[PDB]
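Single-structure report; data block below.
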Amino acid sequence: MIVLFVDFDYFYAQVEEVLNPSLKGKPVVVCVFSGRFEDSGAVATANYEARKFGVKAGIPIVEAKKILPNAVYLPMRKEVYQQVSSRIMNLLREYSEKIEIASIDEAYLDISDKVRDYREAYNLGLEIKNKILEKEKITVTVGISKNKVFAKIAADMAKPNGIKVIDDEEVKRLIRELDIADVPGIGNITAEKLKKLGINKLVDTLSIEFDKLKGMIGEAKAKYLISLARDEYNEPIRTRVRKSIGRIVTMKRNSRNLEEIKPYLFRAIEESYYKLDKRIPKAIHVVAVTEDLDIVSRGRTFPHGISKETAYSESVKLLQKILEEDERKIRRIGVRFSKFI
DNA sequence: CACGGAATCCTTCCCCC
DNA sequence: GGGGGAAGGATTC
Ligand SMILES: Nc1nc2c(ncn2[C@H]2C[C@H](O)[C@@H](COP(=O)(O)OP(=O)(O)OP(=O)(O)O)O2)c(=O)[nH]1
Ligand SMILES: [Ca+2]
Ligand SMILES: [Ca+2]
Ligand SMILES: [Ca+2]
């Protein structure tokens, strides 16, 4: 079983460079402006010129500017990156019928057939890297291993613009040497929980009673880590399908006034519906980000599909339900549609 | 100072054999 | 007791 994972380098920023080469070599910061005030918002991503100075995804735009006041700041253009991403996924498809598009810039390929060993896998990787660079002029990192997880870990190790194979010999040393926090699916919350249990390496998950592990991080997560640690994780590359579409926006000022919030909510529904394109949802959820960045939501599932009029009507009720049950002011408001017919 | 889309899994009900 | 779902939240990429 050989999996090849492809992860595009500093994607949003690299696309902006491709579309305007004069940016190359300079620090480029792709931002999401919230409109609350001068430069309010977060950084979606930045190229490596900017990252070596601390500017990276997640930090506030205002803080990025204090560090790199002369960098180039650009508004994120999601749609454009999505279309470039699509073209790249189509190139990868020609290397394997079994492909898993994990996100706007990640994909796993089951090349167990196309190749007979790791040496050949590596060469297919270079072939893929070269093809993408030539065709779209975008550099990517390739990870290759026994399964999806280590394939991803491989890429994480070799980026940017790299390629790496993690052989069965290395898998084992990683199972005993890799910081468990570096395992995909293990965020800050799960890592801390695992620390308190004395587990700092995948190998430590076998020196614990299952039920105690399950009780701490959940069964699904417990079985996941245990299979990896036992070198038995073996999930298949499957084509994922969109299950929900939605949109959430930030209001200029926090609020509790139904008539002040409605506009942002209806705007979110509008964009959500234009995106549903032919897909009809039976479920709707109104999502709110309180002033203390907490996330609360109220939704409803219907026995039939939801017409746009119904969505406008039902969303107002759900928003009223939110305000009634939660006294905090609202900062971000939006909707999400799911359970497509 | 901290935007944004979405999948999955966990708890707590709730209806009903 | 447990199958079947729905809600609201937790967690991660
Ligand atoms: N709005 C927003 N977009 C994000 C955020 N974090 C990541 N993204 C986008 C950034 C990338 O263009 C794309 C994710 O790839 P990362 O896995 O983020 O890789 P990126 O390509 O930026 O880093 P890299 O140098 O290739 O390893 O998802 C975030 O916090 N906010
Ligand atoms: Ca990337
Ligand atoms: Ca990625
Ligand atoms: Ca981590």
Side-chain angles (χ1 to χ4, degrees), chain A residues 5 7 11-12 29-46 55-67 75-79 81-82 85 100-108 148-149 152 155-156 181-194 214-224 235 238-251 268 271-272 275-276 281-303 318 321-322 325-326 331-340:
Chain A
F5 176 69
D7 175 313
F11 200 51
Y12 290 8
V29 186
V30 176
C31 323
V32 181
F33 297 110
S34 65
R36 307 212 71 168
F37 60 78
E38 186 76 303
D39 297 320
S40 66
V43 169
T45 193
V55 171
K56 54 180 181 174
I59 77 178
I61 301 177
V62 167
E63 233 72 308
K65 293 199 167 184
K66 286 171 184 165
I67 289 172
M76 179 186 81
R77 298 188 291 176
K78 197 67 176 297
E79 335 68 51
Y81 318 140
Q82 178 63 69
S85 173
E100 191 173 318
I101 298 174
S103 77
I104 193 166
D105 81 320
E106 299 188 10
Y108 301 83
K148 283 184 294 179
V149 170
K152 184 169 167 69
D156 285 318
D182 283 303
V183 175
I186 303 304
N188 287 159
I189 292 178
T190 299
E192 203 67 306
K193 292 177 180 175
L194 298 177
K214 159 186 293 186
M216 183 73 129
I217 64 174
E219 179 175 57
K221 188 84 69 186
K223 295 182 173 188
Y224 169 69
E235 295 296 301
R238 10 71 77 177
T239 52
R240 309 175 181 184
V241 186
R242 265 292 139 291
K243 288 174 180 175
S244 67
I245 277 69
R247 204 266 197 287
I248 301 172
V249 296
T250 300
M251 306 181 284
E271 282 168 51
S272 288
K275 289 186 185 177
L276 280 164
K282 294 194 301 297
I284 178 172
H285 283 80
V286 168
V287 192
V289 180
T290 54
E291 60 195 312
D292 60 3
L293 307 187
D294 213 37
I295 310 172
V296 60
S297 72
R298 294 294 186 288
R300 183 180 172 190
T301 301
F302 294 74
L318 297 166
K321 182 166 176 58
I322 296 183
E325 268 146 42
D326 196 298
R331 183 189 176 81
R332 307 182 68 228
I333 188 65
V335 288
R336 181 152 289 285
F337 295 98
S338 57
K339 298 188 182 186
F340 306 151

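Throughout, protein chains are lettered first and strands after them, A, B, ... in sequence-line order, and every chain is numbered starting at 1. Values below: all heavy atoms of this structure, side chains included; hydrogens, waters and symmetry mates excluded.
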Are the side chains of [Y] and [X] in contact, using a 4.5 Å heavy-atom criterion?
| X | Y | value |
| --- | --- | --- |
| A:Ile295 | A:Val287 | yes |
| A:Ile284 | A:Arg336 | no |
| A:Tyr12 | A:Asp105 | no |
| A:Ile186 | A:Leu194 | yes |
| A:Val43 | A:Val30 | no |
| A:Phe337 | A:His285 | no |

In this structure, CD1 of A:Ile104 is separated from OH of A:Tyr81 (nearest 0.5 Å) by 9.0 Å

Contacts of A:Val289 and A:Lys221 projected onto DNA chain B by closest heavy atom; the upstream (5') one is A:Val289

Residue pair A:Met76/A:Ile217 against DNA chain B: nearer the 5' end by closest nucleotide is A:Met76

Next on the checklist: Looking at A:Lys275 and A:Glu271, is any side-chain nitrogen of the basic one under 4.0 Å from a carboxylate oxygen of the acidic one?
Outcome noted: no

Euclidean distance, atom [atom1] of residue [X] to atom [atom2] of [N] [Å, nearest integer]:
| X | N | atom1 | atom2 | answer |
| --- | --- | --- | --- | --- |
| A:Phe337 | C:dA7 | CZ | P | 14 Å |
| A:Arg300 | C:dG5 | CZ | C1' | 16 Å |
| A:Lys321 | C:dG8 | NZ | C1' | 10 Å |
| A:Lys193 | C:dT11 | NZ | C1' | 8 Å |
| A:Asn188 | C:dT11 | CG | P | 11 Å |
| A:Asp294 | C:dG9 | CG | P | 8 Å |
| A:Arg240 | C:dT12 | CZ | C1' | 12 Å |
| A:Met216 | C:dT11 | CE | P | 12 Å |

Mind checking [X] for me? I need base, sugar-phosphate or nothing, with any heavy atom below 4.0 Å counting as a touch.
| X | value |
| --- | --- |
| A:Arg331 | sugar-phosphate |
| A:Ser297 | sugar-phosphate |
| A:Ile104 | nothing |
| A:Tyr12 | nothing |
| A:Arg77 | nothing |
| A:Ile59 | nothing |
| A:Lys339 | sugar-phosphate |
| A:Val296 | sugar-phosphate |

With both pairing distances under 3.5 angstrom for Watson-Crick or G-U wobble, and | for a partner in another strand, the correct string for DNA chain B is ....|||||||||||||

In the 5' to 3' direction, the nucleotides of DNA chain B bounding the stretch that comes under 4.0 Å of a heavy atom in chain A are B:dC1 to B:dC10

Of C:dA6, C:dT12, C:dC13, the nucleotide closest to the side chain of A:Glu106 is C:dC13

* Asked: Between A:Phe5 and A:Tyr108, what is the ring plane arrangement, given parallel below 30°, perpendicular above 60°, and tilted in between?
  -> tilted

Rounding to the closest angstrom, what is the interatomic distance between B:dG4 and C:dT11 at atom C1'?
16 Å

Begin from the C-alpha positions of A:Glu235 and A:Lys148 and carry the test salt bridge (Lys or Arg N to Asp or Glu O under 4.0 Å) through to its verdict.
CA-CA 7 Å; A:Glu235 295 296 301; A:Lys148 283 184 294 179; 5.8 Å; no

